[PDB]
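To keep things clear, I will list the structure first and then write my remarks on it.
4 protein chains.
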Amino acid sequence: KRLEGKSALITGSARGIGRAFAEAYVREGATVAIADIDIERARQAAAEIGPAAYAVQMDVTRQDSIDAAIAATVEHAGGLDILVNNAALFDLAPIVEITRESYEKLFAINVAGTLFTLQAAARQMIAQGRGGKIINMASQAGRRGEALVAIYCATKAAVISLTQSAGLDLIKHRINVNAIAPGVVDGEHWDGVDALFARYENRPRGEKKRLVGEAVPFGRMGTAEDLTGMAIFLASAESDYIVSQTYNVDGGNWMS
Amino acid sequence: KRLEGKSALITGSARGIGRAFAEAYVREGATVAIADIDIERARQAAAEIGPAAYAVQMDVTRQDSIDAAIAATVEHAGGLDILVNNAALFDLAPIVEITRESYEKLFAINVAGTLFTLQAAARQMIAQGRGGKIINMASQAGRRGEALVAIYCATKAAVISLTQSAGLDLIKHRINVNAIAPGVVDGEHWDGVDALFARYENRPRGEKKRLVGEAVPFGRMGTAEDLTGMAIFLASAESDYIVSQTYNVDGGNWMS
Amino acid sequence: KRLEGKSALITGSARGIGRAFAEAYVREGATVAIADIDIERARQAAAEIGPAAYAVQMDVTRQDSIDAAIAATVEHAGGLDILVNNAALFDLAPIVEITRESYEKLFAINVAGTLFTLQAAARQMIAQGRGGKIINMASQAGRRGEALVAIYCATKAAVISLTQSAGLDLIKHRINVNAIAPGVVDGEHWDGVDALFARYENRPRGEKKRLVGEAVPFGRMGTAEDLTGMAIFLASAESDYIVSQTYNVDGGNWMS
Amino acid sequence: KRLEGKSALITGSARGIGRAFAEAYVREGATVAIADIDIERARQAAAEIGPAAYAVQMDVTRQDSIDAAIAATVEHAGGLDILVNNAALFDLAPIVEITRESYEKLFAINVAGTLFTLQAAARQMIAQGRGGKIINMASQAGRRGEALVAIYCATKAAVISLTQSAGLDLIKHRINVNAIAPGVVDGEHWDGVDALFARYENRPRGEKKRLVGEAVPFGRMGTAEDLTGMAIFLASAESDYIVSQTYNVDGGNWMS
């Protein structure tokens, strides 16, 4: 259907939102590179999704790994039509406990990883002369700061800015750069996230995750399936005029 | 396809963007009330589009007209699933030449018309108990002021706000309220728009329209067909988690 | 000191924030017109503030009242250098209970009153050829919608838009148009505001006012004296380069 | 004398906007640490500004240099009441020519430098128990992306994000964290900025600088003296209620 014969690469797609996007894209006729640092699980996820999906080992913190992931897409799929920068790390600390290690690690994956993957995808798309779709994964966190989330908020704000900058620079090549800003999405990560808020806000385990879910205007915590519609749309021809946008898909958590 | 069995009303839909949306909605399986003050052209538009499109006489500045248009939808289509608030009026004047007539006429159509049609559709949607989709038509003008466009900018700014408020208030009824913000769209209206800039900015006729089209990062003035994908998406199930958003579909003219 | 010899008019300044601005302006050596619909509370306010304050009857919904106030200002003070558009009305109701009466009342005062008072001060300031300072009173309400507060949020959204448009059009006359967005500010008005939230959110009286004050990141409900710094600053020569901005003074309630 | 007896440190303040801030703070009765990587231009700046200014060698990319600078400030002035994060580096390049060297250098100074200097100042201000004032230097660049300026735009976007997060976390210690966003500001740096744009947009030298100055709605390129008003205000008691805001002082270049 909507992505018929398109070749996609989704960073960090072995599980969670990225794997949901990869399954949605295969259903819509795309060939999909399940790019992940977890090459074992990616190989698993590709085998389960079907012949249209194939595993690619990728660490977005390393230039050589980014360049070999793109080349791998050219090898298997004939080229690259759609990049989703999905790989991300979360962290939480009050200002006076923020570590250089936290700053370096989250900026390396969330910003540099996105920026240099986007740059390598753009180079391939410019060389093909057929245009392209790039979708960055932002967050409600990139829309506004939080006392305890300065580092991840800042990374996601840099993503929104990069989305804007790259979108204006690459549209002359018929490459659309846009971003999705999820709200709060349910899954295994919330054990960590809830723990981190629990400690600093002094809460019973699971309280944070309960309150956050109940405060989503829509009435529940997000699923990956909430986001797959937008992911297909922004990779499809029905989004050709859409440039340098961040679209919140977040049950009303943040209004942009 | 994506709006199979749905009942929609698009205000001001005899011409331009609204008619484009009605044709797209019809092609996606919707029944569409082509609502316009211009009942003659609505009748012509519905006849060309097909059996699924039907003409409704509507002046969004009058409560009795709004209420009769919604009732007419219940009569013909069995109910209302989708409202597109498309009817709007443009004007331009420096601050010192703004007239109470310009203020009253633009606020009546662009704000009161959208608000009270949204209210009437919401009331019908709540009574049905099947949830709903409301799509307001904002504009780049609602994202930021312009020296010469204080009234229209203010009206579209009010629309973005109303979209946010109504979205939070109505999502407990499973009614999604969102908005589309076009940039500059080609069509008959630019005679008026260029003429108004031409005067105040002291330009040959057709210059403003030309410069504005060439300044769109995408590389051209918009069409109604740039917007139809978003119109369908925000009326469809693939947008169910999206609440109180304004989405720019504008070739990069404004980055939100 | 910083407004020595300057002629100001503050709309709705017999009480609350407007009156705190008039006292601060007089302290800084401005002559101030205490414009109010209540001419008796104005005369009181002017008697108490001192000889540099003087009472002007003004209905900002009436063009004749607007022009008569500016003329009175010119007659008494030799002209007008600072306008503060402080006259506003609050109201609250969910979408399905919004009345045309609420819509019309809040837009007439909050939007038309600001726009046509701004327009009348601009004409006067242009004729004088000495430039000017115009300060619009926005709100956190103008920064984002709320389920219960569609009409008042929409009016404050239009004020921010109008502040942008007028700022751009009027700067060539050396008139600085900017706005202040308070968050929650204490005063007699909060009895009314809490009562509305109490009624429609079904709360004990004073619970909303208490919760609202405690959620301010700064840690308290704001005072008018929190805002007087910015009100002086934006009418002083230290803000000459500041154009078409809304500045939140809100203890962190909204981040812009 | 609005900053009477206050201890300030301004990063990168030997020249340009930082130096203007140091002179203005001294005029207002502050003691000011002229922190710069160039200790010679720091000493010369401090000698010229007068006895209340003193030179501090500081590399904001190095934690040991950061901590040694805060120490020197406590040593000389008795403590730290005001931090201005002014040290920044500009660079320009389209997406496909962005180097890892440009990314790393601009993020180290513009983001890490601001964050870790803010953290070192915060710890000192908390230990003191007297509250304090932190002012980050943002930019128009941080408010929206540009095709050629992805890296610098992204760093300034992260500064606005960090300003929001820090402000919310530190207001409980009576530390106000806010930011100033200049538009285009004159100085010896604009030879370098114009040259980069001349290079990558293929323009005669000085055309960019001229065009950007003429596009400021106010009608000229900004001066550092345009910004000192706000730099004093945000460090003074008239801004005590102002938390997590970015204030554009840009002649209307960007409207927030």
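Protein chains in written order, with UniProt numbering: chain A, 2 to 257; chain B, 2 to 257; chain C, 2 to 257; chain D, 2 to 257. For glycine and all other residues, C-beta sits at the position ideal for the given N, C-alpha and C.
Backbone secondary structure at residue i - three-state DSSP
i      : result
D:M231 : helix
C:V85  : strand
D:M222 : coil
C:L93  : coil
B:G133 : strand
D:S237 : coil
D:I11  : strand
C:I243 : coil
B:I176 : strand
D:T100 : coil
D:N111 : helix
Which listed residue (the options) has its alpha carbon closest to that of residue i
i      : options                          : result
D:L84  : D:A36, D:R211 and D:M222         : D:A36
C:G143 : C:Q58, C:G184, C:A47 and C:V61   : C:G184
B:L81  : B:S8, B:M222, B:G230 and B:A88   : B:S8
C:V61  : C:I172, C:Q120 and C:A94         : C:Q120
A:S245 : D:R206, D:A151 and D:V250        : D:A151
D:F219 : C:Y201, C:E49 and C:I243         : C:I243
C:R63  : C:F117, C:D39 and C:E24          : C:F117
C:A182 : C:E76, C:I172, C:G114 and C:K157 : C:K157
C:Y26  : C:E41, C:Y55, C:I38 and C:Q45    : C:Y55
B:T100 : B:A113, B:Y153, B:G146 and B:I67 : B:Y153
A:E98  : A:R221, A:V250 and A:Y201        : A:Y201
D:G223 : D:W191, D:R206 and D:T247        : D:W191
D:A113 : A:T115, A:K106 and A:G114        : A:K106
C:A128 : C:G168, C:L4, C:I38 and C:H174   : C:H174
D:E215 : D:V186, D:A225 and D:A199        : D:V186
Per DSSP, cross-strand counterpart(s) of residue i
i                      : result
C:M256                 : C:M256 is not bridged to any residue.
residue 330 of chain B : Past the boundaries of the shown model lies residue 330 of chain B; chain B is included only from 2 to 257, so the question cannot be answered.
B:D37                  : B:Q58
A:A182                 : A:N249
B:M138                 : B:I181
C:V150                 : C:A94
B:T118                 : Partner(s): none; B:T118 has no beta bridge.
D:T74                  : Looking at the DSSP assignment, D:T74 forms no beta bridge with any residue, so it has no partner.
B:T32                  : B:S8
Contact check, residue i vs residue j, beta carbons under 9 Å
i      : j      : result
C:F108 : C:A159 : yes
D:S237 : D:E29  : yes
A:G130 : A:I176 : no
B:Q58  : B:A78  : no
D:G188 : D:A88  : no
C:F234 : D:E239 : yes
C:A53  : C:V33  : yes
B:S166 : C:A155 : yes
B:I50  : B:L10  : no
A:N111 : A:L93  : no
B:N254 : B:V217 : yes
B:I135 : B:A123 : yes
B:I40  : A:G252 : no
A:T164 : A:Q125 : no
B:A148 : C:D170 : yes
B:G146 : C:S66  : no
Closer than 8 Å: residue i CB and nearest the ligand GDP heavy atom
i      : result
B:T115 : The model depicted lacks the ligand GDP and carries no ligand whatsoever.
I want to know whether the region 12-32 of chain A touches the region 219-234 of chain A - three or more CB-CB distances under 8 Å. yes
Taking 8 Å as the threshold, find out whether the region 186-195 of chain A comes into contact with the region 205-215 of chain B through three or more Cβ pairs. No, they do not touch.
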